[PDB]
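Here are two versions of the same chain, shown separately as structure tokens and labelled structure 1 and structure 2.
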Structure 1
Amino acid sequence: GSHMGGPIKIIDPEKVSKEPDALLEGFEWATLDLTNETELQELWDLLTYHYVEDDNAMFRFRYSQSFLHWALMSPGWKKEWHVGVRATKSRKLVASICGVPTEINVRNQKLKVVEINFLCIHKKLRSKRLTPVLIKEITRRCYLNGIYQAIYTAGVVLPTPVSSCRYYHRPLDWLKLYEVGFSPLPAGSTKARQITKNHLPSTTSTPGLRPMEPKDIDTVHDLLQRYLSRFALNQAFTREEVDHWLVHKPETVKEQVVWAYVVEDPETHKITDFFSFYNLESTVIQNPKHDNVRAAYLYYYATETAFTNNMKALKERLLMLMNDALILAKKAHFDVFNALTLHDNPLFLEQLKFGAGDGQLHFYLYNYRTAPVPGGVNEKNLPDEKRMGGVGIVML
């Protein structure tokens, strides 16, 4: 045993069944080959019309083939972790659950895990308890390949979250967000006044800031590992993951999904900071004027300033950098910039006019117990500088 936590069940891979369990009559297992446009496009269609985490929302995600490729074919990916269910007689894809491999540090300990997402069941098949069946089959496939833990997030509370982080939203085009009914008009205020309140300039302020290039990978990999190692729960990137997750490839990528910038110090020419964000659009269900909201999501970032252990200095450096990330998202035509209260986010959220959203994201670990980790928020569910150092991993 151990007073530090660790696995719940020890698994012998040689004792795991090599055949899957039987599904409901009329249905069969499928392994998706996402390198085939036809199957990619079946998955796109199931998610487009059935992946609605909250039917109460006024927006739905709108995927691109590029976002799907970026999200599901990361380094080490295996086709057998893209699991589907088909109707035998029509061949129609009606459920999915997918995993990709990586490594995370959970307090003292490094673990190989899969990140699980895109769990989705067609509306016609809801409430048949298919979920535990999907979960048990991708588990079996991971166990056979030597992976016995997983990490996932959900908007709903399930047994023992390791952490919870609150949604925050910085309007970039306030007038459009007011028109789609995302933002109300405050008491006593006018449109002109909210437009003025949320206005940003068109030029950045941090000297040396430019888009990340392939030749930066090694230095950003190293800055990012040292930066993330300040958090209890963090992702342990390899150099190939930095390449896949952070560096846009225009020859390869139809629609840019990820924006990464570095600051190359002008005096020294060393990279001292970087930040990145990704693009995921939302369709607006019922609106006379707009069809979509283009949302940027804050992803990974780092700064050398964090290692002077001067918190005040770190805060100022992030206010400057994150203000320029807002300016750059706004120039690339995003409507809203989303962030969570993880990493060192509580240092800048409020000051940069991010507003509290109505929603929380919970982190879970499968087959592993560890003490809970602070999610950047206090008792009142507001951001709190004393509640950081916990969650150093972002999920798509």
Structure 2
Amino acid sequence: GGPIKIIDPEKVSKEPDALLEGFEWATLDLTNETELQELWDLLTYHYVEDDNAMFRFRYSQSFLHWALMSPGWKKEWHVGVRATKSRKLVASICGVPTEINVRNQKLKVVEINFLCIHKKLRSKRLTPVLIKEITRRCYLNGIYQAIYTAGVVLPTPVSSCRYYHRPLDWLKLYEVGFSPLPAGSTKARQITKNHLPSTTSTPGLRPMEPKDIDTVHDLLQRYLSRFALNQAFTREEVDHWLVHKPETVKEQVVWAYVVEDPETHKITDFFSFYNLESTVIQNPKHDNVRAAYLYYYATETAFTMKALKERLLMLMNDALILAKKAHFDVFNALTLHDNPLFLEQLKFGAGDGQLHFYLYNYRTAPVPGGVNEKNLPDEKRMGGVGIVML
């Protein structure tokens, strides 16, 4: 496929459209602590909830810094709406630039994320106005395509992936209302079921060091080449998205571990996961759930069997152990990548959550999301989604 429409830079308006009475546009400068705080204060209380919520995403200020100021970031693409009188931030839509591969065609796109409207300004119909504005600010910088992720079904989706959840602290998930008691079982037997070993198994497993950047960049891109829709990682993107800088970063957000074969001594494997907290609304016992999310990963055994199934089962179980020691409660993953190989065997529970992938101004054939028609993981429905959006 290809682009749907060609944009004339000559017809892109210098000024933005009109907003609701009493509200004005604002470019967020996330280099300043006050403005980063303002966005955090908005999202913590007004961002993605579940239906019964219960739960709401608590993206940390260290996460927001990490997700919105990646290589090539422009402040223009951190769009906010302020109340004219009070100066309070009441809405947001954000974007960062990246390259994605859509069926071998390379594309300049913006990753659209953190769409948020204050609860008091709900519909209203403010979303299309927020979409049009960040679209205009992209059009002025020479970006006419977008990739975005949404848990709601919208016009013409590219793919659909189901959420999966591995309990590291089952009692915690049970007490907050996330994990049920199925069916004629006790609490203790569910905890005994989710018991993990204390030590990692994979030979030569260690945290990723900045020396591993070039080698991880090559391995990851060769692995992502196996997917129809994937992120064309640059060296700086590998550095930013995959190596934690504790200098610098006081509240760790990303985790990366590598192997590091005892004989090569070239690296043959790597996996990663990030820190995204969720607030429990009706507190009682707990008020916070710490969740780890499977990020990017690769392995040399893929380029062959199915020994890839065997290898990922060892690596991802190791990732669960390392997540537990890092005090995470649940390990989240989607049916994207080669995940339908290890998910069910490693005691990941089928989730109610569904994540849909979309493209703006780019027509392409439907891409498999790792699930069959029953929404169950399928080995034959992989090789599609190779991009993880935060």
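Start at 1 and count along the sequence of structure 1; that gives the residue numbers used here. Each form is matched to the other, and the largest set of C-alpha atoms that superpose within 1.5 Å is called the rigid core.
Shifted position (C-alpha, 2 Å or more, core held fixed) between structures 1 and 2, chosen from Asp33, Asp45, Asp358, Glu53:
C-alpha shift of at least 2 Å: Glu53.
Cα shift of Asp384 between structures 1 and 2 after core superposition, in Å? On core superposition, this C-alpha lies 0.2 Å from its counterpart.
- [ ] Look at the Cα of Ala192 between structures 1 and 2 with the rigid core superposed and state its shift in Å.
- [x] On core superposition, this C-alpha lies 1.9 Å from its counterpart.
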